[PDB]
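In structure tokens, the next block holds one chain alone, the form deposited in one PDB entry.
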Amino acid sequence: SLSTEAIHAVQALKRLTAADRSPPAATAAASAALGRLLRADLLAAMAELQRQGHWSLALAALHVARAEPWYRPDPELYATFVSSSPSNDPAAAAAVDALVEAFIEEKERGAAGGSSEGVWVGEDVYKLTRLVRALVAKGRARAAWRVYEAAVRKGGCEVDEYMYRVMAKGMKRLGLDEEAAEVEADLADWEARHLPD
């Protein structure tokens, strides 16, 4: 739920942008209304905006969160944005992809670039699977494939049958067959290492 500190933060951001909805006035009100909010409250207000359908304003709270010190690239955080994005929206579709790009960049910008070893290894499987599954739902095939190819195939993050099953079905159901065949191959290799006899 929302603390009275958060609910009022959302209220403010809306009353402010009520008069000016342009993108420059948005991040101005977002930064002002969600400026030094405790990690917990900021994160909540962000999801509260998503819930209400104010996606653009949620992205604003996302740019504010990035400028905070506790901000970390979270697969789940992004999954939310992907899920709460307007369907049948070419503009939004792009933002979703650009978002997925930001995530991977941020992730590999941390102690990566040559990390001993791996930004992606040790990543939360469940949360990562949620982002992927979410993208495959909105139909961002290419975008879903990039997270996989980067975190599982190149990133060396060990996932499970559930993850593969999601990607395999996803890619095959969104046209990317060469991709689907690869996922089935990775799984084949997975099942080879874990199956018994």
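The numbering used is simple: start at 1 and walk along the sequence shown.
Another form, the form deposited in another entry, is not on view; read the next lines as being about it.
Colleague: Thinking of the change between the shown form and the other one as two rigid parts moving, are residue 15 and residue 84 grouped together?
Modeller: No, the two C-alpha atoms fit different parts' superpositions better.
Colleague: Might you say whether the CA atoms of residue 26 and residue 91 end up closer or farther apart in that other deposited form than in this form? Their distance differs by 3 Å or more.
Modeller: They are closer; the C-alpha distance drops by 3 Å or more in that other deposited form.
Colleague: Work out the direction of the Cα-Cα change for residue 158 and residue 43 in that other deposited form: closer or farther than in this form? It's 3 angstroms or more.
Modeller: Farther apart, which means the C-alphas of residue 158 and residue 43 are at least 3 Å more distant in that other deposited form.
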